[PDB]
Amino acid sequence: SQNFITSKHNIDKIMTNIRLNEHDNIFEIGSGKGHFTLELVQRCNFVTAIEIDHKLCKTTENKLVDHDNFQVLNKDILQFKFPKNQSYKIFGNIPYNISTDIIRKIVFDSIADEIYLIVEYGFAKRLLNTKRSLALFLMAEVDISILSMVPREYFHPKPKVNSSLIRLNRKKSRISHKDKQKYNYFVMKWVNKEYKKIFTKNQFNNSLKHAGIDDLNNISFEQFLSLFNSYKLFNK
């Protein structure tokens, strides 16, 4: 959909939590009518706006008349190819219907070291939930933080639920590239509670004890990595 945040007053509040600096190159997902894009070119070194809506690219361009450090590409973020030998960060007020696809695309198919996104409130909560697959796959590559709540009244058309500003920070991957397959399988089996397909009854117990997991309905990412580790040990 297209839910713009156009109040200068609200834009400043949100920018308050976004610590991007003058030397960062930025890729914005969905510049829309250019409201955040205008603040990013003033705050950052350079900004590449990726907008699917051909018209909005023009509108974005008109709003950025007095600025030079940017460009607006009329592409689909889902098919975009990010730099591989460059330092850059990402910002984006994104559509809910493809948030998953967008986050997977920018976390697994880009090397942005820091990502700022405005997403649906509930969506943001699921991202921190170790009971869901997406959360576990993402936590192996980035640290996730919910920075603030963005009231639905800040948007127009006004969505049904509130949104959240989240921050994703790249870190040294906790899963080696050679364990991608085995980690993928493990994650899926664990979130579906198909314990018997990855742990014998005794292996299961020892692993939880070893990981220090008292509540099987409340585990930290660290406790999960412990499990994935024991899983490997039991099948090397």
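Numbers for residues come from their place in the sequence shown, where the first is 1. What we label the rigid core is the largest C-alpha set whose atoms superpose within 1.5 Å from one form to the other.
Larger average C-alpha displacement in 4 other deposited structures of this protein, relative to the shown form after a rigid core fit, is seen for 91 to 99 when comparing 91 to 99 with 77 to 85.
Superposing on the core and measuring CA offsets in 4 other deposited structures of this protein, the stretch of 225 to 233 and 3 to 11 with the greater mean deviation is 3 to 11. Stretches compared: 36 to 44, 207 to 215. Higher mean C-alpha B-factor in the entry: 207 to 215.
The PDB entry reports B-factors from which the mean C-alpha value can be compared for 184 to 192 and 59 to 67; the larger average falls on 59 to 67. Based on the entry's C-alpha B-factors, the most elevated value among 145, 164, 110, 79 belongs to 79. Sorting 159, 92, 122, 151 by the CA temperature factor given in the entry leaves 159 at the top. Ranked by Cα temperature factor within the chain, residue 31 sits in the middle third according to the deposited record. Residue 229: CA B factor in the middle third of modelled residues in this chain (values from the PDB entry). Among all modelled residues in this chain, the alpha-carbon of residue 201 has a temperature factor (C-alpha) in the highest third. Among the modelled residues of its chain, residue 105 has a C-alpha B-factor that falls in the lowest third according to the deposited record. Among all modelled residues in its chain, residue 170 ranks in the lowest third by Cα B-factor.
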